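The chain that follows stands alone, in the form deposited in one PDB entry, written as structure tokens.
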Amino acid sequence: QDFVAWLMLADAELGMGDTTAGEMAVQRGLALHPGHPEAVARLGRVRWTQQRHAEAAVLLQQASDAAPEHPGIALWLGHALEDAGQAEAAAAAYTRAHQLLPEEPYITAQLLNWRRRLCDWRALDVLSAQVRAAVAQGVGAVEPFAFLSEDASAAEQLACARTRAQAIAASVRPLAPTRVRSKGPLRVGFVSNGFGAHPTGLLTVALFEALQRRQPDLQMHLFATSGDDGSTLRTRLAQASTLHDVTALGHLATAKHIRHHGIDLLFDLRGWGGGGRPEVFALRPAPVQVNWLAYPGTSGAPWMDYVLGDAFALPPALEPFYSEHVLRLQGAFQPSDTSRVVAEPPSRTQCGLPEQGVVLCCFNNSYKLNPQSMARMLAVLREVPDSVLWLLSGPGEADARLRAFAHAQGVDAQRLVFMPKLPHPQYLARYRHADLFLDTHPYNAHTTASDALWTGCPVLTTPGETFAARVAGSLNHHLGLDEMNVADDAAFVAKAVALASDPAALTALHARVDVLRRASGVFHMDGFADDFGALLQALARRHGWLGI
């Protein structure tokens, strides 16, 4: 007959992963004091872990109303609103929560991440500062993936990453160590939530296909942390490897499953950004663990032996900012699905383009569209009379905010065009109307840059000082397109303008993109598989492998 105790014990089930016996406890808490903000909020947290995202928000909105000053409620409400797909309302609650506890960094950082997603730039500079300070001070549980959006050095990214990795490591007891097998075929494993219609699957599929044909001595094992999505990608990946569906397994069981298969080299294709699975790596189920492709920066993690980069994206000057030992592929670090035949799109009109005019384009998640990147794109529009800027439609009112900024920047708002979300092949097809792709800084197009070039659309970029800001530049460089890697904003604006105001030169550059996309190594997955396989083998011998 004890109220406080019920919620306290309901919390103990949560914490230990007890949705069902935890709900019995919360419900009985509500049967003593019905409508009490502390229980009403808690019931909404149940529904939320049970994945009843919409009922959660209805309940958490009650509490919030019953106590608009309770910061924990304000915050919990926001998560539910977010996970219920209500972007704008979600950012309002974090805005309130931040205002209730102006100096709680944990909240500031989630606030910042949501504003960037909605292209809401109010007091952006102050929030960015507060997040970076929090990284400095070790506080805030800033997430390394979110941090990539900030203009922060490689030194700051390492701080963020390694603090985060160290907190996780302190809560985890690694599996007993093991060594790379001495003899026999190498077992190489990759952990990922994106084996299907997602960037990781999309980038790695033709590569796994080539490895299957060309590197018979390496056994590729995919550990998929997501179920089968019906995509040809997922099916092709399963056909080109041994795919283990470990969706549903906890961290410990996933790590145990990897160990069960005696994986020699384990690759994190998550990496710091997915649902996670970070403790799966903290458990050290494989003797050599490699950060590659998925997370574009250092893991900062004591459980990660290596990072796999390339000479341009991960140049020598950048090595000290990586906790891992750095390995490099001979060409670009990024593979791609060179089996794609880009289809033909609907007419320009049907894609919301004017029938005439240069179409500048930047397809990229909203959080990469920062003021600096937008402003240099708007500058090109201002200098080139009939051009247009093509963007992906973003969440909530992001599109309207960009429109207003275009106006504020002296550009007719209607010269922005927003592509709705489209299955991959239809989206890829859109590039055939694109004249020039304008990269963002400091977080480049990554998968979208690969898409553009594969279709034949040039990418203009300003290689920066962190790996995430040199990816597009690495593709350009390995393709041979160095004139498309330029020094700074002024040079980026001047280059996009020289090209857009001269349609013959722009056409010549499309023809040059086409020759180089045929000739260069960037899009030869046979040679990528050879180089990848040889690296894997050399790395395994360095750890005792005596070969097949």
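Rigid core: the largest C-alpha set superposing within 1.5 Å between the two forms. In this text, residue numbers run from 1 along the sequence as written.
What comes next is about the form deposited in another entry, which is not displayed.
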(request) Can you spot, among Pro174, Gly262, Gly273, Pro302, the one with a CA shift of 2 Å or more between the shown form and the other one after core superposition? (result) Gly273
(request) Specify closer or farther for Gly274 and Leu314: how their Cα atoms are spaced in the other form versus the shown form, given a shift of 3 angstroms or more. (result) closer
(request) Report the direction of the Cα distance change between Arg277 and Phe223 in the other form, compared with the displayed form, as closer or farther; the change is 3 Å or more. (result) farther
